[PDB]
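Presented below, as structure tokens, is a lone chain in the form deposited in one PDB entry.
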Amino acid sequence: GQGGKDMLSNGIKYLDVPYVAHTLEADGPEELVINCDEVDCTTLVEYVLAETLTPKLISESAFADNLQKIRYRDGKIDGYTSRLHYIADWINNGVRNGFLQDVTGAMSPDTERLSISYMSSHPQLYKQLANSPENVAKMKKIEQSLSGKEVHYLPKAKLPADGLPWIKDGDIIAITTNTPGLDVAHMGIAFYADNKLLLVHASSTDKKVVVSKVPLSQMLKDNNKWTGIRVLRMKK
């Protein structure tokens, strides 16, 4: 319906926006950072969802408030570890706070048992963990809470090029991975063109936001660490 149309159209506004990693890592205290001109795979989705959730008459204050709700655990900014780094946690936040529906949760009987530990296992890869034993301990606790839970997903072999009727334009796609200790590796926005299910996403290879040149199914097939998808939908 209209919400999916609006998610998609707001995503399309970002075509050609450059890909830049680490845009949220300002030094100093964790605070809301808005950089809509340079995005990564996750920040793209966050800005699109924030805008689409904000009633169009957008209001900067309203946009900011929605972004904060999306990006931080229960919208409460409280250090680096309050940012929802793991997508399973990001999803849980949106479901709990009423602005996401877990579509694969309803529509796919396949499940996986979360095993999340990557960040605390590899703190050298993250500035706010590398020298904060306190943040590492809070990430461990977060990881322990997340792990052991079953979530539904769609295995990649079960996704056709032309999609599935229960995946709709504007849905948020979280690409599941077999990387040890990590649940999700990439994200984007579902877009049907000429009966192919494509992905609008921030591509690090193309260095910008693109419409995928191959269907989402082929994107998954091509990548040996990508296992499938979770499908989430804005609830407004």
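Residue numbers run from 1 along the displayed sequence.
Higher mean CA temperature factor between 74 to 82 and 114 to 122: 74 to 82, per the PDB entry. Here 170 to 178 and 189 to 197 are compared by their mean Cα B-factor, and 189 to 197 comes out higher.
Out of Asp40, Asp183, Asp206, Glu51, the entry records its largest CA B-factor for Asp206. When the C-alpha B factors of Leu100, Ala157, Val103, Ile142 are read from the deposited coordinates, the top value falls at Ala157. Remark: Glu46 belongs to the lowest third of its chain, ranked by C-alpha B-factor as recorded. Sorting the modelled residues of the chain by their CA temperature factor places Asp162 in the highest third. Per-chain ranking of the deposited C-alpha B factor places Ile58 in the highest third. The deposited CA B-factor of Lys235 belongs to the middle third of values across its chain. When the modelled residues of the chain are ordered by C-alpha B-factor, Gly94 sits in the lowest third.
One more form of this protein, deposited with a small molecule bound, exists but is not displayed; see below.
At a distance of at most 4.5 angstroms from the small molecule in the entry with it bound, none of the three residues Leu8, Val45 and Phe99 contributes a non-hydrogen atom. Between the small molecule and the residues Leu182, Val210, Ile70, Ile34, the one pair within 4.5 Å by heavy atoms in the entry with it bound involves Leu182.
Stretch 112 to 120 is the answer when you ask which of 112 to 120, 152 to 160, 99 to 107, 130 to 138 has residues with heavy atoms within 4.5 Å of the small molecule in the entry with it bound. Using a 4.5 angstroms threshold between heavy atoms, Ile167 stays clear of the small molecule in the entry with it bound. Proximity of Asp65 to the small molecule in the entry with it bound: non-hydrogen atoms within 4.5 Å are absent; the residue sits far from the partner.
The small molecule in the entry with it bound comes within 4.5 Å of no heavy atom belonging to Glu51. When contacts are judged by a 4.5 Å heavy atom cut-off, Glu25 counts as touching the small molecule in the entry with it bound.
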